[PDB]
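Shown next as structure tokens: one chain only, the form deposited in one PDB entry.
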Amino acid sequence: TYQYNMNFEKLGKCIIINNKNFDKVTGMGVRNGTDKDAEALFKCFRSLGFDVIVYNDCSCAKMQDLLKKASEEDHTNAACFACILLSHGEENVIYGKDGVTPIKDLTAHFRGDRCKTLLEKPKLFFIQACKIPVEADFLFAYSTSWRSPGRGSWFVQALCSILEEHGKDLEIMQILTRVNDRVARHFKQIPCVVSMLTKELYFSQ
């Protein structure tokens, strides 16, 4: 009644887009450490129960396509959908290998009006960057926005540690709030959660 329904066959798909290397025309540096971030995210979100797939050094057209196809799959037997973006990024925009893609554009494939099979289900985007309305049920968690080369992103280690420890007994906003705290206190900038959720989200039934 007050939780998103989790009585589904699978938890859902998790697309991790991992961008380490960038083109000539972009002029942005190798993000040393994401292979430690993405690998940790893979275990976290896998241990949660997501069908995780990692995609490396994506173009904008590829990210767009990758997400468009994802949105076009059938999610009837899924509880939710997760996308994780590791890249560079200016305000309101993310980076492929071959330029810039707006984050609005990636998410738009999943709005209530374009992906009937995810309607009334959580759509979760995690971004770290160096009768029903169409915007309901999205959540964004940004990190801002700094990456360590040997340990990873302050944000990723906290999110992963907390998820391994409390992924099954804490609501999504609790988990994220404790991530906000650990990033501010232990490692100076803070993450940001944007929530259009309409129920509590637990990763268990």
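Residue numbers here begin at 1 and follow the sequence given. Rigid core (definition): largest C-alpha set, two forms, superposition within 1.5 Å.
Core superposition of the other structures onto this form places the C-alphas of 22 to 30 farther off in 5 other deposited structures of this protein than those of the other stretch among 22 to 30 and 161 to 169. Averaged over structures and residues, the CA distance from the shown form in 5 other deposited structures of this protein after a core fit is larger for 149 to 157, of the two stretches 170 to 178 and 149 to 157. Across the other entries compared, at least a third leave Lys131 without coordinates even though the residues on each side are present. Coordinates are absent for 10 or more residues of the deposited sequence placed between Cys130 and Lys131. The segment from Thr144 to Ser145 is interrupted, since 4 to 9 residues of the deposited sequence in that interval carry no coordinates. When the C-alpha B-factors of 93 to 101 and 78 to 86 are averaged, 93 to 101 comes out higher.
Taking only CA atoms, the mean B-factor in the PDB entry is higher for 26 to 34 than for the other of 156 to 164 and 26 to 34. Ranking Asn180, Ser148, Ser47, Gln174 by the C-alpha B-factor listed in the PDB entry places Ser148 at the top. For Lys10, the recorded CA B-factor ranks within the middle third of the chain. Only modelled residues enter the ranking.
Among the modelled residues of its chain, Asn19 has a C-alpha B-factor that falls in the middle third according to the deposited record. In this PDB entry, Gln3 carries a Cα temperature factor that places it within the middle third of its chain's modelled residues.
Among all modelled residues in this chain, the alpha-carbon of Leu119 has a temperature factor (C-alpha) in the middle third.
Keep in mind the form deposited with a partner chain bound is missing from the figure; the text below concerns it.
When contacts are judged by a 4.5 Å heavy atom cut-off, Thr101 does not count as touching its partner chain in the deposited complex. Contact between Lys97 and its partner chain in the deposited complex is not found at the 4.5 Å heavy atom cutoff. At a distance threshold of 4.5 angstroms between non-hydrogen atoms, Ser145 is in contact with its partner chain in the deposited complex. Its partner chain in the deposited complex is not approached by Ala78, whose heavy atoms all lie more than 4.5 angstroms from it.
Contact annotation: its partner chain lies within 4.5 Å of heavy atoms from the stretch 147 to 155 in the deposited complex, the single such stretch among 53 to 61, 39 to 47, 147 to 155, 66 to 74.
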